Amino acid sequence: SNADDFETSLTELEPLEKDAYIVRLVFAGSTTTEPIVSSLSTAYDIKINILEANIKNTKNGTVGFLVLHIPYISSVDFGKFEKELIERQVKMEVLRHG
């Protein structure tokens, strides 16, 4: 399946280094993803690699998800990163970590 192939592609990026993550960001009626990804990168001085985007920009805002590879972020900054997403009503799922 597509979900099986997707998971196979994440597993191919393993092992991740300590302090590296693959996360999924879940959007359910938010403003656009771009100002959010560049904003997050600026705020934490981090590289963000977009692995996958499956997004619709609708009348009622942005719906869908981004899968992001973050090659390094400190444990303290990762907590702040998630909290900022929570405040924007974006859910964050941890798919892989090092």
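Start at 1 and count along the sequence shown; that's the residue number.
- Mean C-alpha B-factor is higher over 33 to 41 than over the other stretch, the pair under comparison being 66 to 74 and 33 to 41.
- In the PDB entry, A3 places in the highest third of its chain by CA B-factor.
- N57 sits in the middle third of its chain by CA B factor, as recorded in the PDB entry.
- Split the chain's modelled residues into thirds by C-alpha temperature factor. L85 is in the middle one.
- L13: CA B factor in the highest third of modelled residues in this chain (values from the PDB entry).
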